[PDB]
Amino acid sequence: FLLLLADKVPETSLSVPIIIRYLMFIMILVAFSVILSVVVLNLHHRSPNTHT
Amino acid sequence: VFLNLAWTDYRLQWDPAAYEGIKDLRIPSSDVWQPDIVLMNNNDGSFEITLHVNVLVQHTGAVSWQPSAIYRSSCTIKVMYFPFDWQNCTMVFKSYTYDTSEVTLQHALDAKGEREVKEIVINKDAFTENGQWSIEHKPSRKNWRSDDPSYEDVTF
Amino acid sequence: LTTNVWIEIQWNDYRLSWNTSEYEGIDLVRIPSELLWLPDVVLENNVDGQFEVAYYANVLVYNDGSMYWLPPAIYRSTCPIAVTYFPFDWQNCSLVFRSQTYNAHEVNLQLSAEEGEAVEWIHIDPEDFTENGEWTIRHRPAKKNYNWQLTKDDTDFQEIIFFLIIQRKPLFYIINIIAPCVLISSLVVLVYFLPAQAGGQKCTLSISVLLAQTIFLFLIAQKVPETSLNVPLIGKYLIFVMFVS
Amino acid sequence: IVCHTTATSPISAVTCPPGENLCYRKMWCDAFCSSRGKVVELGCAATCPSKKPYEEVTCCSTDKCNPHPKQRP
Amino acid sequence: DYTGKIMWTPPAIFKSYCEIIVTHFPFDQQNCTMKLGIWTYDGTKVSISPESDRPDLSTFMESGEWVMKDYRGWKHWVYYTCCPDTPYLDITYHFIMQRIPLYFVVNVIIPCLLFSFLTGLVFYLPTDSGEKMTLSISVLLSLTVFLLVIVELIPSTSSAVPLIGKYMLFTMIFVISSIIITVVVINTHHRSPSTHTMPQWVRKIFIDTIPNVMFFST
Amino acid sequence: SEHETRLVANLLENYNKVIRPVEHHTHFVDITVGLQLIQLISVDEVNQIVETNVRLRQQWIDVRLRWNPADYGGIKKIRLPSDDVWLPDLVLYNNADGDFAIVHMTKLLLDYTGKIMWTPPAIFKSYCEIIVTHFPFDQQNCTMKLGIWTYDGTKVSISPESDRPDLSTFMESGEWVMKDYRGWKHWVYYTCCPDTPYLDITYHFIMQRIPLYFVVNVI
Amino acid sequence: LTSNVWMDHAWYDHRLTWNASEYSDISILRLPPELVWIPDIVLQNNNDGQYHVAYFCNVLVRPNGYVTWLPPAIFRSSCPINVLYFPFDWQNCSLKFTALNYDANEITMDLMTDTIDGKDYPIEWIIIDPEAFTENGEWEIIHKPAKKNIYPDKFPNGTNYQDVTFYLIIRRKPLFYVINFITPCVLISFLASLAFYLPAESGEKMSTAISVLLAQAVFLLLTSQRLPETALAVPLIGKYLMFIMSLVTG
Ligand SMILES: *[C@@H]1O[C@H](CO)[C@@H](O[C@@H]2O[C@H](CO)[C@@H](O[C@@H]3O[C@H](CO[C@H]4O[C@H](CO[C@H]5O[C@H](CO)[C@@H](O)[C@H](O)[C@@H]5O[C@H]5O[C@H](CO)[C@@H](O)[C@H](O)[C@@H]5O)[C@@H](O)[C@H](O[C@H]5O[C@H](CO)[C@@H](O)[C@H](O)[C@@H]5O)[C@@H]4O)[C@@H](O)[C@H](O[C@H]4O[C@H](CO)[C@@H](O)[C@H](O)[C@@H]4O[C@H]4O[C@H](CO)[C@@H](O)[C@H](O)[C@@H]4O[C@H]4O[C@H](CO)[C@@H](O)[C@H](O)[C@@H]4O)[C@@H]3O)[C@H](O)[C@H]2NC(C)=O)[C@H](O)[C@H]1NC(C)=O
Ligand SMILES: *[C@@H]1O[C@H](CO)[C@@H](O)[C@H](O)[C@H]1NC(C)=O
Ligand SMILES: *[C@@H]1O[C@H](CO)[C@@H](O)[C@H](O)[C@H]1NC(C)=O
Ligand SMILES: *[C@@H]1O[C@H](CO)[C@@H](O)[C@H](O)[C@H]1NC(C)=O
């Protein structure tokens, strides 16, 4: 979607459009979803032979 | 856009009784004096109009010129609420070379001329809505520059 | 090829000669070119229809009839590309100047003689010349050529050609196309150290590298010329790594 | 010292302030190599400026060593 | 005027050649110039003098991409071998402009930062989870699509390697090294004892030393 | 030269570039037309446009532009401008998005017999029926229809200089191969008048595509 | 809209009259329009700054004063798109011609008349040679009307009381999109649906569905760069893309 939107957003640096702020919000949210899913999988595959 | 210019040339006067009742002439624009009314805030280098329609001269010296132009104007885009944004996007108009000491810029009169028209005129018979942009306002005022007494523009 | 050149035309008009004593010593006059006879020296190998110069400068006229016209020009020449080794390619781009009006029985096109030696090269200010950014100039010769399929007439017999042999700077491509694709396609040999069982993810890695190679193919297709005489090198390598994957 | 300098219009023979007593003369032909000739830079220097492949420099220790090639010292 | 004093102030779109230095892009400062002179006359026929030491920016519109820091105009005279009394003049106006690095930061840099941060994360993803290659190689795909974005946005200059390019290549090599060491880790994890007996140095270092060298771990 | 100056002054003194070069209004002036193809610039298979760089060779006699060389120093040829004499309005009927007529007002060659040889350049952007049925292994047949726009064959007759165009100065394209090329002169009669034909020369070029870009990048 | 058109003017100039027998039997005359009076009839609804014809060819004159002028033109008109049923859309693109140099009391723009059976009839349509017309590869012409339009809200003195307008109702040939946009996306979404037949013992349900959604995102990308960013309607294809992306998310 970022690629899609690349050719349609003014290339000015006086501010960030609410659309790109929303896309970055969703992107960082997906990133944190990835991090926390990694954490959940780490906890799920833990055992006494490796972790106390 | 059509510019709607009007001025008085004391030299283009005549009695219609002496010319079979001719009360109005259509004269090529290159043959009369015309002010260098141009778009100053263009982004290309096209100040002047495109279509040089022929002027309308009345026996009083009243010269009306309604020329046409595909104008490319520069306006600052406010990228904060794009695409939920509203843009100003003016069009500045003045004589390139003639100044206040020489010409006095005013507003155009309405159809039945009694009062000035301080807005952009839109003719529904000829107007294509864009589809991406709704025109909420379209005013027009004269703007000066306190540092420059010779400056006067009619901005749309 | 797009160039900004100052081409210096020189010729003699016996009609514009005078004796300085009759004119207080004036030996040099500037006359606009729109008022004078000029040889219709044009760029023939143009892609657009701009045969002529951009600024019609004045013509310095000397008492002996010598004329020095230094008009600047902006020329969009045509030079076919040699894709074979793209983007590690060098191009041989030519600027062909001839008169489209006058023939060899009328004008004799020749190169300048400075200090009695012929200027058989494009002149380039070594101090006030900015190198392009993607193309480096190695050679810049100039020779008088004749088309012998024609006669001393026909207006295309003689032509002055200036050449620009230019070597590309293949750096944008290296650090944006070449090195990424290479590092990414080098990953398909890591599938050999993964376990052949559920969870090893051999085919995952392999087919995802194929997907990345496809994206790189789409990116390259936005950069290579559309000629079909030779296969460039980066497309050849993309095909190779896709076959390998 | 008395050097010839192109830092004036017209060229002048002006004496150098304290610290520079080497009259130099750089030359190189630019895009007008033909109609005009090589460029001519002249003036003062404490040390002879560097030379590039296309330049033609000549620094001295005497007065007015660096006249325009169409003049004499 | 009645004295013959003429004033001619015409417009022009000057498309001038500027040495662009993409080395600190998008944090790059430029010094674009505009050299003006009389083409066919010399200083003894037509002399040009600058109206002021610096251009007039009293009616300059702000660009939104560039900030004009300094601007000045210098007159130069040049002498040639022709003739020692005919100087050839020029006025060179130069404008020093600093780029506003927000568009490229938000659209090219932050995503690459996220990709890097996520490549530094497949190492908290256990191998019993058959998803390490999924994660790493999907980060690589996201970065490839973003390479498309970058090529669409940033310039195709080859004058030098900018900062965007150095960072992109660093990130890509980072992901590649991540994937390689991930493969090594998966190969060690799925290292059968029937064909591989654990060395003694590996047990002394990884089972016996480093675990204690940590305190933050569980 | 004084001779050529005097000649060009005496030839254009009472000459009107608005009237055809004929002794009687009934007769026609035959214009020998010839197309010289130089390079095929483009083929837009979507917009159905072919862009070519050509020279439109035109020969014709102007009876008003004659002189005896004996009275003008032996001169037998001059290089008059083209806006100074009458020219035929040859138009590209199948023009797509470019220029219909000639706009490069190049000088022309004038003999003492009145024979003129005008060879101006032109970027023809023609409209070609494109057949995307065997792409990229397709063979296009693209035409250039030329004719006099405001005159009929009774007033201005055209005739091709040769049965087929001149490709002696043709730059190879790299994505198109020219197999054959010919030029035909046609006439068309209308119900208005039977004694008045309307003429057009149509040069066509059969170009076969080199299918390698699209094989290695698409197949 | 980009079009190659031939304007065919016809008017009488009493000053270009002559008795053909007084001269020789000259029945016709060609004159450049830079010598005779020309009605500058311009495309008012143009996008480029090109209001005039492209080749100011000669006018043909008859001894009665009947002047004809067939100048060829390449116009770039502004015609807005109705993306609602894209790529099955039909457009109604207009070419509006005015006379801005004279008012309706000075000249009268009319349509050309013709004859078949001793009766005069106006040419209320665009003329198209049925043999020499190469149909465009994307657009088919359904209707091609021509109208003289009077605007009675305006006064005859004035250049806005007159209009001769030529309309092109053109239908799109929906094959490039059907072969490259609709069919693949339809079948890939069908794959997503079929994901329900995949047992959970195979860790491939979510992979299947989310990869289908990635393909749909690619198709959305290709679609977004085919239409203008207008907001009077959602394109049928974008409608279907939103529907199917939501269904695949579900
Ligand atoms: C961005 O890119 C840009 C382009 O790529 C780039 O531009 C470059 O910037 C630098 C620095 O800004 C420029 O370097 C300067 O160039 C000047 C111009 O040289 C021209 O003119 C002088 C003559 O100068 C006199 O006349 C001119 C014009 O009329 C006036 O403008 C001057 O003020 C001066 O006027 C005085 O004298 C007149 C009589 O002559 C009087 O009538 C008047 O009343 C004044 O009293 C010529 O000498 C030059 O010729 C030489 O150079 C040319 C080529 O340039 C050669 O061809 C030629 O042969 C000669 O070699 C030239 O024609 C220079 O004036 C200026 O010189 C000063 O600096 C240098 C070193 O920097 C010193 O060596 C020199 O002695 C000068 O120092 C004096 O001046 C400086 C300030 O200028 C003082 O700081 C210093 O203390 C000293 O002071 C004394 O004199 C001052 C008068 O100058 C006086 O004011 C002081 O009070 C004090 O008494 C310097 O060389 C360069 O040209 C630019 N290049 C271009 C292409 O534009 C820019 O830097 C880039 N930016 C970034 C950030 O990257
Ligand atoms: C130039 O003119 C002067 C008269 O001012 C004359 O004396 C001289 O001979 C002339 N020179 C030539 C070469 O004719
Ligand atoms: C045309 O001229 C002839 C020759 O005098 C004359 O007989 C005839 O009546 C004229 N026709 C008209 C309509 O005046
Ligand atoms: C045009 O006609 C209207 C209606 O009669 C009138 O009000 C207006 O003044 C006229 N304009 C001119 C210029 O005569």
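Proteins come first, then strands; the chains are lettered A, B, ... in the order of their sequence lines, and each starts at number 1. Computation of the quantities below employed the complete heavy-atom set of this structure, encompassing side-chain atoms and omitting hydrogens, waters and symmetry-equivalent molecules.
- By the side-chain hydrogen bond (donor to acceptor under 3.5 Å, both in side chains) test, F:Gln140 pairs with F:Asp138, sequence neighbours left out.
- Remark: C:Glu134 engages C:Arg168 in a salt bridge (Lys or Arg N to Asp or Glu O under 4.0 Å) (not counting sequence neighbours).
- A salt bridge does not link F:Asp84 to F:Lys107: none of the charged side-chain nitrogens sits closer than 4.0 Å to a carboxylate oxygen.
- Listed by chain and number, the residues in a ring-ring contact (aromatic ring centres under 6.0 Å, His included) with F:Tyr198 are F:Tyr190 (sequence neighbours excluded).
- F:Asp163 pairs by the salt bridge (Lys or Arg N to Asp or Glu O under 4.0 Å) definition with F:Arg182, not counting sequence neighbours.
- No side-chain N or O of F:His3 forms a donor-acceptor pair with one of F:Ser1 less than 3.5 Å apart.
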Sequence neighbours left out, cut at 3.5 Å: what donor-acceptor pairs do the side chains of residues 173-180 of chain F make with other protein atoms?
residue	atom	partner	partner atom	Å
F:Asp180	OD1	F:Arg164	NH2	3.0

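- Considering only residues two or more places apart in sequence or on other chains, G:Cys57 meets the disulfide (SG to SG under 2.5 Å) condition with none of them.
- The two residues C:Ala73 and C:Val53 come nearest to each other via the heavy atoms CB-CA, 4.1 Å.
- F:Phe214 and F:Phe135 have perpendicular rings, their planes meeting at more than 60° on a 0 to 90° scale where under 30° would count as parallel.
- In this structure, C:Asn103 and C:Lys152 have side chains that are not in contact, with every pair of non-hydrogen atoms separated by 4.5 Å or more.
- By the side-chain contact (heavy atoms from CB on, under 4.5 Å) test, C:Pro80 pairs with no residue at all, sequence neighbours left out.
- With sequence neighbours excluded, no residue forms a side-chain hydrogen bond (donor to acceptor under 3.5 Å, both in side chains) with F:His134.
- A salt bridge links F:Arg55 to C:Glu44: one of the charged nitrogens lies within less than 4.0 Å of a carboxylate oxygen.
- In terms of the side-chain contact (heavy atoms from CB on, under 4.5 Å) criterion, residue partners of F:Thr113 (sequence neighbours excluded) are, by chain and number, F:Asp111, F:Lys115.
- Aromatic ring pairs are classed by plane angle as parallel below 30°, tilted from 30° to 60° and perpendicular above 60°; the pair C:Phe97 and C:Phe162 is perpendicular.
- Residues forming a salt bridge (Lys or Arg N to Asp or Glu O under 4.0 Å) with C:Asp154 (at least two apart in sequence, or on another chain): none.
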Report, one line per pair, each donor and acceptor closer than 3.5 Å where one atom sits in a side chain of residues 63-70 of chain C; sequence neighbours left out.
residue	atom	partner	partner atom	Å
C:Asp64	OD1	C:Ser66	N	2.8
C:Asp64	OD1	C:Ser66	OG	2.5
C:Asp64	OD2	C:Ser66	OG	3.4
C:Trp69	NE1	C:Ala57	O	3.0

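- Taking the side-chain contact (heavy atoms from CB on, under 4.5 Å) definition, one finds that F:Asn14 meets it with nothing, sequence neighbours left out.
- In this structure, F:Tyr181 and F:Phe205 have tilted ring planes: the angle between them lies in the 30° to 60° band.
- No side-chain donor-acceptor contact under 3.5 Å links C:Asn147 and C:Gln149.
- Side-chain contact annotation: F:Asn10 with F:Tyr72, donor-acceptor N/O pair under 3.5 Å present.
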